[PDB]
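Each residue of the sequence shown is one higher than the one before, starting from 34 at the first, in the entry's author numbering.
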Amino acid sequence: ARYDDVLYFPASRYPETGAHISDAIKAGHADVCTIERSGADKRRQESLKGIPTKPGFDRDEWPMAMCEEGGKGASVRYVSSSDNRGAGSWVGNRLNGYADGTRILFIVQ
Numbered sequence: 034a035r036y037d038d039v040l041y042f043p044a045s046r047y048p049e050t051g052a053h054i055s056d057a058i059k060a061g062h063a064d065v066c067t068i069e070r071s072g073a074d075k076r077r078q079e080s081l082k083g084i085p086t087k088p089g090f091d092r093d094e095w096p097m098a099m100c101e102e103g104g105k106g107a108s109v110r111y112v113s114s115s116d117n118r119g120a121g122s123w124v125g126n127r128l129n130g131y132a133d134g135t136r137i138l139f140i141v142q
């Protein structure tokens, strides 16, 4: 199998994050997150290298840094901080029901 469970991303609540994820998947970035939480700092170092900060915005990454698929090569987009921080908290809580190694297909479309 390709994935273990599916997650329908809450695009109505966090539309800017959702739009990024949708576009990134249509650009060939992985739609499955193989959860690997320990590596997330190293993966952010890699994905964000050389990308300046912008006020009012966070640098959103897809694939996410908490996934094996993240890090080097990830799509990065400036997303309003409230949208991105809300999405981040939502995802961390929702995925807290799944052990590391679980493969989650994200669907936004």
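Every residue gets a Cβ at the ideal spot worked out from N, C-alpha and C, and that includes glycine.
Continuous beta strand (DSSP E) stretch holding residue i: start and end
i, result
"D37", "Counting along the chain, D37 falls outside any beta strand (DSSP E), and DSSP gives it neither H nor E."
"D93", "90 to 95"
"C66", "65 to 67"
The alpha helix (DSSP H) enclosing residue i, as first and last residue numbers
i, result
"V124", "114 to 128"
"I140", "No alpha helix (DSSP H) holds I140; the beta strand (DSSP E) holding it covers 136 to 140."
"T50", "48 to 59"
"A73", "73 to 81"
Neighbour-count burial assignment, residue i, 16 or more Cβ in a 10 Å radius
i, result
"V141", "buried"
"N129", "exposed"
"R70", "exposed"
"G83", "exposed"
"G61", "exposed"
"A132", "exposed"
"residue 8", "Since the first residue of the chain shown is 34 and the last is 142, residue 8 is not available in this structure."
6 Å Cβ shell around residue i - same chain, five flanking residues per side excluded
i, result
"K105", "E79"
"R77", "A98"
"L40", "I137, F139"
"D37", "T135, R136"
Residues of its chain near residue i, where Cβ-Cβ distance is below 8 Å and the 5 sequence neighbours each way are ignored
i, result
"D74", "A98"
"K87", "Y111"
"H53", "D93, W95, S108, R110, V112"
"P43", "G51, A120, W123"
Beta-carbon gap between residue i and residue j smaller than 8 Å
i, j, result
"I68", "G125", "no"
"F90", "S113", "yes"
"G119", "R46", "yes"
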